């Protein structure tokens, strides 16, 4: 699980084209051990930017988007980061 930063081309108004899961847990979780709150890629759309680039896969841990930590962000805020404008988007994964 080597930490790596990927810069992925996309159309300037397009999102990265991945689905994510994880993040802060609720009342089934364990606040004494918050290390199971990572964000992971759960889908890669074949025609989206991540799919076209070919590198990202389901199961990767996603630590940052555009240099910003996902830790503690809500799902919706992480999705919004993945929809940031620009002709590239950067992810930090392992």
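Numbering follows the first chain given and starts at 1.
The mean Cα B-factor in the deposited entry runs higher for 23-31 than for the other of 60-68 and 23-31. Checked against the record, the higher mean CA B factor of 47-55 and 34-42 lies with 34-42.
Per the deposited record, the Cα B-factor of residue 83 falls in the middle third when ranked against the other modelled residues of its chain.
Residue 6: CA B factor lies in the middle third for its chain, per the PDB record.
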